[PDB]
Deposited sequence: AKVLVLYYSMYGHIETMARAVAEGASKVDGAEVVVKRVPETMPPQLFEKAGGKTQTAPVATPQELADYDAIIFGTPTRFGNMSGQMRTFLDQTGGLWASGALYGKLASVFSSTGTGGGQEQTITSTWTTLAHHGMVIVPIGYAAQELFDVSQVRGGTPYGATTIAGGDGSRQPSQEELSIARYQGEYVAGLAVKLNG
């Protein structure tokens, strides 16, 4: 089964989580794992002014999402929604929608946040879009700051540092668990 970890990061928190998700997924024998990012939509000079961390993962196209049995989506919490970049990207998947291309495939969501709240709403509002595509939605439940909706990191914004070891463990779990389901369903 093929697993895509697909993410948006501006300051590297989701980037770090994505690597952990992918490590977890790669523990599953039957699973082929790939990590890609959605495009940055901000002009590089605006990204740099804002202090962004340049992302180097390969860039996904909207249409290649069809190639995978499971897609694990990472986004920062942006006032309780996914980022504009992820939203712009998903707004480009209309052509898949029309064809059923993601129907029945597994979807799961991870996030990162400051200490203001909103991470639950980010994850569940991202589910909604995934449901329009007919994707099967995988929460993490009581595996575990924490939500049962998906892994999170609390990045205590500004002088910000880094995901905790416990946070990265839960992120690894989410990838291992999603990948295991993907192999059960698809070989």
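Stretch of the deposited sequence lacking C-alpha coordinates, numbered from 1: 145-154 only.
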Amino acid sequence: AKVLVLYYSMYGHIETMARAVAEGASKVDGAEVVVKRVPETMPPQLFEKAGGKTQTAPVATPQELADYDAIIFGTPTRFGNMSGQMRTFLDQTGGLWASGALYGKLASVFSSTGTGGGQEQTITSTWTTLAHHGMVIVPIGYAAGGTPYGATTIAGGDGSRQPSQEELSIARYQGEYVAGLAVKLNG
From here on, numbers count along this sequence of modelled residues.
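Each form is matched to the other, and the largest set of C-alpha atoms that superpose within 1.5 Å is called the rigid core.
With every structure aligned by its rigid core, 54-62 is the stretch of 54-62 and 129-137 whose CA positions lie farther away in 8 other deposited structures of this protein. Among other deposited entries of this protein with both flanking residues present, none omit coordinates for residue 146; it is modelled throughout, well short of a third. The stretch 152-160 shows the higher mean C-alpha B-factor when 152-160 is compared against 35-43 in the entry. Set 21-29 against 169-177 and average the Cα temperature factors; 21-29 ends up higher. The PDB entry gives the largest Cα B-factor of the residues 118, 52, 145, 141 to 145.
Looking at the C-alpha B-factors along this chain, the one for residue 70 belongs to the middle third. Per the PDB record, residue ranking by Cα B-factor puts residue 100 in the highest third of the chain.
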